[PDB]
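An overview of the molecular structure
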Amino acid sequence: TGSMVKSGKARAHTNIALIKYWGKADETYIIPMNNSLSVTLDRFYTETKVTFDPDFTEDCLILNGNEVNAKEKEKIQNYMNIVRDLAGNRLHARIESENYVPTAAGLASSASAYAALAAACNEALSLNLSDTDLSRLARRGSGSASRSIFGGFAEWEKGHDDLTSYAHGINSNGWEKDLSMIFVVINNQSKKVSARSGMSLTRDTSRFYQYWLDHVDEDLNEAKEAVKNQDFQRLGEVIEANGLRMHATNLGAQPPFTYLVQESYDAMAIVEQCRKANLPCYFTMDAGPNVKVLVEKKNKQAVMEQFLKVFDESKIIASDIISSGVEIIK
Ligand SMILES: Nc1ncnc2c1ncn2[C@@H]1O[C@H](COP(=O)(O)OP(=O)(O)OP(O)(O)=S)[C@@H](O)[C@H]1O
Ligand SMILES: O=C(O)C[C@@](O)(CF)CCOP(=O)(O)OP(=O)(O)O
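Structure determination for the deposited model, as stated in its record, used X-ray crystallography, and the stated resolution is 1.900 Å.

Written as structure tokens, this is what we have:
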């Protein structure tokens, strides 16, 4: 609000990978081993304001109304260095961010977080970045954030370097408007292996990683053709298989691990029962036990009702798919 003070605020929505990003070719720049395909969710998002002021001497992150720890403080300061290099300036920022994402329920916040921050910085400093360069900037903070620049279906092109690795939105003739995702919240323990660490151990040591690589391009192609034709069953079958293959890779790591628990398998079983009961739907899982169930909007209520026979109402949470991308807000 004062002169010499530059601020910007953005809202960016989370996204869920249907064809998985799993393993980095370049750990420092976050370049992936394979392309990925995601859908951006309407219900869950991060709002982030950044304020650059010549009088600030270091960057500060206030998250959900509270100061972050020294660890997170260091992480955010290193990311802002990237931003300062891009902008050609030396200004430090006060960052105030709120996650509107059920993180206690295990949903991931890094995709919306880094997409929001990149967009906020772009607005604050008038960088005039293209969506491509916003995607590249967000990517540097978290790989999945590259995709949250966009709404609906989005694809992260792996590229081969910092300049070529980024996402773009896929037009699906408005198909995203007909689809929903139900989150089945499942309890794990022993603290989670972050996606970054897990995928690193797997990419580095898994005896089944080559199997993943040999099939991921075929899956992505199949999925994209399914999107062109708005063929729900065809999309579902391939993404469900792809998700399972990603978890298979962890089983081959040295030593093996899994994100899935018996309750996860219970939820998958319910999805298959829904399919056999003329209620088409398909599941996927990320770096934890939650099961995400892709379903057509017309069937959302019904599928949820099947889950509600078994799971607490608090643990069944649905979202539609949003069509628009990252937003600049007040
Ligand atoms: N609004 C935010 N602004 C800045 N950083 C955030 C924000 N929200 C979450 N983070 C950071 O996101 C990191 C978490 O990412 P992860 O450990 O990979 O798990 P996650 O929260 O599910 O995000 P993913 O899995 O990577 S999409 C935390 O270290 C936070 O510091
Ligand atoms: O989102 C997907 O494609 C699949 C996953 O969510 C499944 F676990 C991986 C997310 O990776 P990410 O959180 O980006 O780790 P980072 O790049 O080290 O920050």
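Scanning the protein chain from N- to C-terminus turns up eight helices and 14 strands. In terms of C-alpha radius of gyration, the protein chain reaches 20 Å, essentially the compact-globule figure of 20 Å for 330 residues. Taking the principal axes of its C-alpha atoms as reference, the protein chain extends roughly 65 × 40 × 40 Å. Nonlocal contacts in the protein chain, meaning residues at least 24 apart in sequence, comprise 76% of its contacts between residues at least 6 apart.

The next point concerns the pairing of strand β1 (residues 6-19). Here β1 lies mainly inside the structure; 10 of its 14 residues are buried. Both β1 and strand β14 (residues 327-328) contribute to a ladder of two bridges, which runs antiparallel. Residue pairing in the sheet places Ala-10 in a bridge with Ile-328 of β14.

Attention shifts here to the packing of aromatic side chains. Tallying each qualifying case throughout the model produces nine aromatic pairs. An angle of 85 degrees between the planes, with centres 5.4 Å apart, marks the rings of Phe-44 and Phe-183 as edge-to-face. In this pair, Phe-44 is assigned in strand β4 (residues 36-52) and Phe-183 in strand β10 (residues 179-184), connecting sequence segments 139 residues apart. For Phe-183, a relative accessible area of 1% puts it in the buried group. Look at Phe-257 and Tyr-259: their rings are 5.8 Å apart centre to centre, the planes differ by 85 degrees, and that puts the pair in the edge-to-face class. For the pair formed by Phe-257 and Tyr-259, the shared burial category is buried.

The next subject is the site of ligand 1. Around ligand 1, a shell composed of 13 residues is seen, among which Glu-72, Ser-97, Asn-99, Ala-108 and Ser-110 lie nearest. Here an oxygen atom of ligand 1 sits 2.2 Å away from a polar atom, N or O, in the side chain of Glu-72. Side-chain polar atom of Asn-99 to a nitrogen atom of ligand 1: 3.0 Å apart, as the coordinates give it. When contributions to the shell around ligand 1 are tallied by element, the ones reaching two or more residues are α1 (70-87), β7 (93-100) and α2 (110-125).

This brings us to unusual backbone geometry. Residue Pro-255 is reached from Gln-254 by a cis peptide bond, and omega for that bond is 0 degrees. Residue placement: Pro-255 occurs in the loop between α6 (232-251) and α7 (262-276). Here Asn-64, not a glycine, exhibits a phi torsion of approximately 50 degrees, which is positive. The residue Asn-64 is located in the loop between β5 (60-63) and β6 (66-67) in this model. With a relative accessible area of 40%, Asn-64 lands in the partly exposed category. Its identity is not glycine, yet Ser-190 carries a phi of approximately 55 degrees, on the positive side. Structurally, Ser-190 can be placed in the loop between β10 and α4 (195-205).

The subject of this paragraph is a nonpolar patch on the surface. A contiguous nonpolar patch, built from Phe-208, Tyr-211 and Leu-251 and spanning about 320 Å² of accessible area, is present on the exposed surface. With respect to the secondary-structure elements, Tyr-211 resides in helix α5 (residues 209-228).

Rules used throughout
Residues numbered from 1 in each chain as written, not as in the entry; some residues may be left out. Chains lettered and ligands numbered in written order. Heavy atoms only, no water. Helix = DSSP H or I, 4+ residues; strand = E, 2+ residues; numbered from the N terminus. Rg over C-alpha atoms; globule rule 2.2 N^0.38 Å. Contact = heavy atoms within 4.5 Å. Buried < 20%, exposed > 50% of the residue type's maximum accessible area, 1.4 Å probe, protein only. Pairing = 2+ DSSP bridges. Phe/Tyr/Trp six-rings, centres within 6.5 Å; stacked < 30°, edge-to-face > 60°. Near = heavy atom within 4 Å. Polar contact = N/O pair within 3.5 Å; in protein donor to acceptor, adjacent residues only side chain to side chain. Patch = residues over 30% accessible without salt bridge, like charges linked within 9 Å, V, L, I, M, F, W, Y side chains within 5 Å. Areas by Shrake-Rupley, 256 points an atom, 1.4 Å probe, with all protein chains shown as cover. Salt bridge = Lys/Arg side-chain N within 4 Å of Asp/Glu carboxyl O.

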